[PDB]
């Protein structure tokens, strides 16, 4: 790790992009010439990079699948271009909705049929083994009607998957998400959507991590225009949309994927074993290769320009960095971040990194990776440890406080999307187990295990939200403690969609207790919008009492008190504060609307006195019941 090196290297490649291409703007507009394009003159212009092809051709429905009638002309640097002249009758050469294929001929004599790396749209017809390359030329394009929202003060991310966003056991649509799921997200107080599994993946059960077509918005959920309408509608509501970018590896599919494009093992990827990820059975990009930079950077630009995304989450950053560290992978990520922020400084980039790479989330100008945030991955693990291995009486308050406050800006989350999956437990499941199925009805008794589960689900989320980071993340359903698990159709379940859905109706059912966990989430995010603790400096922790099981801190002027004690309810408990005067309850997890016992009267005025307590100048006395969290705001006398 030499920061002077990381910059000098980046600075050089960027300088070359300027001398060789016309700067990173021009360089990242590769999607404008590569692929298949209909010209204003009625002709068709095509361009590809196939360095190890003897010949390249265009075939499809349009030419009665004659493989060699349209040969591309070879250019320098292993690139090929084709211009089919316009029709005499002045009609479309390649009709919209029709099938296409690139024909690659090898030195040996193999005749290979490929989908262009640059393909905009791909569809799997009924029960076909492979995806077909569908030419996209609609009568009307989607015109974006709304402007990008003002950059949020603090991010409150709602991690979403479009397919599973309905109560039905089927792939839900972009249209369904736009009409039914966007208003729910807005209502909860979330100001950002992390859109998962958008980049085309042939294997649905890969959760969007096995990419086949990099420039293609998954056909599965609908047309490219319906995704544009989705993003535009989110903007109409003041919600920013970020995309999950998988540039770490590629699916090894060759018929309908990026693998073996020009017939060799070294096109967009590394030759031999270096180019194969053994654990994932995937291909690995040759980040040193100029054309891989054009491809990957024109992809970043594509999602910014075509679909108007407000930023990205770069997945598999750890795997990219360690093949010792891959300098090329890292210089690619620096150029990607440089591009995103040069085009729009308000744009956000997040890194999915477990390693904790020094300066990954710091400015490039200081030898950093250029990322705005990293995910605070230690937080979900600490909650798992405590619920799996420790009795409530044995939870260390100092260890909770340490894990949450360790730090570079990070995104805090109580549980990941991976924890929602089959053969893993959600926080709601770790807390209530089999009782989740029995006593989540208002009509059944409020058992001590349902009572404990509800109280702790709220508290774990609130301490993660208030103390854990500079941003917050919640995966679809976990805001109301969604039951069961998530599982995608695959071999191992005989293609079942029974768990490939989200039961959102559970919160609308007044005869169920999910409404309580949902109400808490809505009010937690709305209170954050009002006071901005996520944007505030790190909290001042006055108390992390091992005996009493009390965590007390101040962030953005608010006073946060947590009683994790399984049985003791403290009266006249002294909490230190930096502010004198009157204090009022702004949030109480024991309120009835959240599934509490209503033990506290909110109309009570708490008066700060001049009594040094826990390194705080003033202190106030409070009633904090067992498994209750409180937020107190200082008010004008």
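Residue numbers count along the first chain shown, from 1.
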Deposited residues missing from the model between residue 323 and residue 324 number 10 or more
Does the entry skip any residues of the deposited sequence between residue 407 and residue 408, and if so, is it 1 to 3, 4 to 9, or 10 or more, or none at all?
1 to 3
114 to 122 set against 435 to 443, stretch whose average Cα temperature factor tops the other in the entry:
435 to 443
Mind pulling up the entry and telling me whether 494 to 502 or 534 to 542 has the higher mean Cα temperature factor?
494 to 502
Tell me, please, which of 338, 301, 167, 161 has the highest C-alpha B factor according to the deposited entry?
167
Out of 77, 560, 332, 131, which one has a C-alpha B factor higher than all the others in the entry?
131
Ordered by C-alpha B-factor within the chain, which third holds residue 67? Give me lowest, middle or highest, please.
highest
Could you place residue 465 in the lowest, middle or highest third of its chain by Cα temperature factor, using the values in the record?
middle
Among the modelled residues of this chain, does the Cα B factor of residue 479 put it in the lowest, middle or highest third?
lowest
For residue 23, return the chain-relative third of its C-alpha B-factor as stated in the PDB record: lowest, middle or highest.
lowest
Residue 525 - which third its CA temperature factor falls in, relative to the rest of the chain:
lowest
